[PDB]
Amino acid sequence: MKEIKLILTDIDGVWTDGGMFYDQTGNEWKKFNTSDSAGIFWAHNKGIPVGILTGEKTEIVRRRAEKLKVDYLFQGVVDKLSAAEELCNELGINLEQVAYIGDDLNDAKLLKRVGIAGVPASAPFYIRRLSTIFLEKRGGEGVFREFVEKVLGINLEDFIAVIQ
């Protein structure tokens, strides 16, 4: 499929089902899926970097990005298209060489500009229709992994090669 040099991803509604847990004390949680770490694995296996673009800003996400050895983390991003363009500048690539997955309004402008756009099955219809590949999985169900595997054309042969 289309050649990709950078994989970018939103968090809420992609790495999660959109859930934001609040308690009585000011603490907050997100629920990640260990399945998604394999998306980082396949990307790094093919020598492709992964960056997170999120509108939120939390220690939750910083620690998760650390655990998964994500290459870039941008939090509190107000303009994701600008952020992506700037990062493309740094790497000497075009948006045409980027695969991005997001699920909501703040992702729309960037989704429309990238080489491959992914949107989970759980997303609003007017975002889902921006997706250029079909994703079966919902947010939090391992849809980041699904996206990476499809974008990179990971097949049974690739699997067999890594489990020797």
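So that there is no doubt, residue numbering starts at 1 and follows the sequence shown.
On average the C-alpha atoms of 1-9 have higher B-factors than those of the other stretch, with 154-162 and 1-9 being the two compared. Here 33-41 and 92-100 are compared by their mean Cα B-factor, and 92-100 comes out higher.
Within the listed group 47, 118, 139, 51, the record reports its top CA B-factor for 47. Split the chain's modelled residues into thirds by C-alpha temperature factor. Residue 113 is in the highest one. When the modelled residues of the chain are ordered by their C-alpha B factor, residue 70 lands in the highest third.
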